[PDB]
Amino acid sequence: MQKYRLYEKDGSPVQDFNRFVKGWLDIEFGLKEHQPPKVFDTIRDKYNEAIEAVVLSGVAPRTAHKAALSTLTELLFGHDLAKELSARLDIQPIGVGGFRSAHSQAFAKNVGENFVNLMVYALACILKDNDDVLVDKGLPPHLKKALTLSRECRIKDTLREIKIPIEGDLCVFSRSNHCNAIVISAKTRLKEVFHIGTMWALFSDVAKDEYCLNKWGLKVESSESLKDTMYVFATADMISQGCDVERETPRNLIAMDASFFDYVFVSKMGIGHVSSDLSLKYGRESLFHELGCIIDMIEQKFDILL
């Protein structure tokens, strides 16, 4: 299998970036920076078949991807996504199928990574004709080092340099500025693990504030650069006591976790408290947005049209 590289040895992203990314998830070729996706073939095709079905019904491609993103939880459950998108967009009642492979152990053991893969693919598809705004699973080299804090802690006699690598599952960033990015953390569920994200959500705030850098004795490569670095969370709310996002009002601890993120997206639609509108100008509408609103977020932030 032929393998290419997304980034040059300096860290610069190769031209027509979103092409190599989409090809990697299409398994048209492997990549240097990434291992081939696992049991992603079926759900990737089921996604595209839904987009093809909706688009051929006069619906704009942007409208399709944005609607599919806000309904990815269905595709992850192996349900007929196109039957879902059609009902919402009120076009001709479509059937693409759904897939038994969803109920397999291999799929259930890779659903977490496939959720990340679905978002990367959906974004790569809509950004395929754009080489200014890029998308990649995980963080680009330059941003991963910029989001890495440092700390020196006393271990008896000697001193231990401690690294604080603020994580991200996927990233939408600018070619001319890798810090001008949207870092996305993704989990299929929230539960109490959401607190872990809040810690990272706080550190991303901390890394931008020279006062906070000093209070906790932290060293960052450049705090001013991270000014344009947005830090968000994306969840499928896949779920017992029920769900965490899909309810009349989210629980207090869940609400507080989402509040310290810049934005929190969910791949569900029709939830009362969840905002379907996203305007960077007028501020965060609610604690939870529909995942499709990330398109609007990308458009406004990077000043492009999809």
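Start at 1 and count along the sequence shown; that's the residue number.
Gap size between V39 and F40, counting deposited residues with no coordinates: none, 1 to 3, 4 to 9, or 10 or more?
Gap size class: none, per the record.
Look up the CA B-factors in the entry and say which stretch, 264-272 or 241-249, has the higher mean.
Taking the mean B-factor of the alpha carbons in each, 241-249 is higher.
Of the two stretches 171-179 and 78-86, which shows the higher Cα B-factor on average in the entry?
Going by the record's values, the stretch with the higher mean is 78-86.
Taking the values straight from the PDB record, which of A234, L139, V96, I196 has the highest C-alpha temperature factor?
That would be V96, according to the entry.
Report the option among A50, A255, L69, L280 whose CA atom has the maximum B-factor in the deposited record.
Highest C-alpha B-factor among the listed residues goes to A50.
Compared with the other modelled residues in the chain, in which third is the CA B-factor of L6?
As the PDB entry reports it, the C-alpha B-factor of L6 lands in the highest third of its chain.
Taking the C-alpha B-factors as the PDB entry records them, is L143 in the lowest, middle or highest third of its chain?
Within its chain, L143 is a middle-third residue by C-alpha B-factor, going by the deposited values.
Would you mind checking where the Cα B-factor of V206 ranks among the modelled residues of its chain, as the lowest, middle or highest third?
It belongs to the lowest third of the chain when residues are ordered by C-alpha B-factor.
Taking the entry's C-alpha B-factors for this chain, is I166 in the lowest, middle or highest third?
Lowest third of the chain for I166's C-alpha B-factor.
How does the C-alpha B factor of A102 compare with the rest of the chain: lowest, middle or highest third?
According to the entry, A102 has a C-alpha B-factor in the chain's highest third.
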